[PDB]
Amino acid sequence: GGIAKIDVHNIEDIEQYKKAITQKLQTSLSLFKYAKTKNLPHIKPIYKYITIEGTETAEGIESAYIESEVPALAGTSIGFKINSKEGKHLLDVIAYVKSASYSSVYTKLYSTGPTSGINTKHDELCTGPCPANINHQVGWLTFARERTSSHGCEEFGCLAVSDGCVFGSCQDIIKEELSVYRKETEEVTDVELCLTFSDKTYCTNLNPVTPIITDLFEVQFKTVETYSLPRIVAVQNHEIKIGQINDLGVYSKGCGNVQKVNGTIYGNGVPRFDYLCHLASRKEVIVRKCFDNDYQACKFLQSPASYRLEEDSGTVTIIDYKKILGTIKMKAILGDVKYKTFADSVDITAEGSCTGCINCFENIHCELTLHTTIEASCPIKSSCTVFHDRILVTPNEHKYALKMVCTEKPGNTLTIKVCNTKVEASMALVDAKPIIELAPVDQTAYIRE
């Protein structure tokens, strides 16, 4: 705690005084956990928050503190003006939250997909019952029928009736169009906070356990640790699909009931099996289906917008960046000074085009063009129920998407409000898209052998 002990209470010059306090805070944050990074000019506070001020006196030094709390949300920022005893001005410090997210890493369970073919092995017996245990390869299914040999249905030289057997095993052949990962690690929070003053920026990570206490500035991250990252996730063509998705070795009818793990494809079901008769020749086997394969249901999975993927070989990290993770508590005790918080006004221009349906699976989709001069975290409101409550507008990217469920019937005008800018979006109702492949597959292929 050595850098707080230097007292810059009074200097004759005000430029030298602001340079002295800027350096004092600079080495205060630099000496401790903060790292120097490239300053972002476009981040300015949009909002003002509740503040408590005071003064603590240690030995010969008097120091004034301001204490304020901020939602732990990416893009949120607050401004502080530091003045000396009704003199003006010393320094401006902006505190944004650069990163707020929680993540988990997943392990690959299996690959799945539709069934393109069936492999079959079969044998018949003229006499005797079916084998008590039918020989089959791992993950193949067995099928057997007693009493196969009958008059006019014999093989060569076979005279028995209501006797004999026809048995075999089968396995589906599939094409991999999807991979399924399982949530292995618990969910961890990455919060990155930064300070910008005198065209310089210093950043740090934050911890729920350990507060960051510098001499001149203190942050403490408060939260409750309850996060829902879905336990089992499908990935398809680099998209993230969630829903009712089978865990490893779980064959329940639904997405992923045929699992290819390591070398071999596993599945379950009752094979559709029957034979044809010849007089003097061997019986023909008819296999219409082997595994039950409900891969079609995978098309009906939800695709969440609030997550993002990082694919590493065999393992997939999933990140939630968009949500409020708690409260950031700050106490800025810079010396003998007076504090006045600021925030600027936000200017946004916008346009929008919305299309969709009602009482349907897809509901309504909106494409917004949002131009903002400064980065702003904007709560968005609508007459209908919008999926995500807010939207973070940045001067770099101008194209933003958002979806809606209208409990009522919308017209051409669709009112949506981003911060203070109230935007009328042009909407066109399209008929609900037709439902295809909802029904299961009776017959994966027709195998006659």
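Numbering starts at 1 and follows the sequence shown.
- In this crystal structure, the stretch out of 71-79 and 241-249 whose C-alpha atoms carry the higher mean B factor is 71-79.
- Taking the mean C-alpha B-factor of each stretch as recorded, 407-415 and 30-38 are not equal, and the higher mean is that of 407-415.
- Within the listed group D163, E155, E124, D274, the record reports its top CA B-factor for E155.
- Reading the B-factor column for the CA atoms of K338, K222, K331, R147 in the entry, the top value corresponds to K338.
- In the deposited entry, the Cα temperature factor of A439 sits in the bottom third of values across the chain's modelled residues.
- Among the modelled residues of its chain, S306 has a C-alpha B-factor that falls in the middle third, as given in the PDB entry.
- The entry lists a Cα temperature factor for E284 that places it in the middle third of the chain's modelled residues.
- Ranked against the other modelled residues of its chain, the C-alpha B-factor of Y96 as given in the entry falls in the middle third.
- Residue-level temperature factors show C357 in the highest third of its chain, judged at the C-alpha atom.
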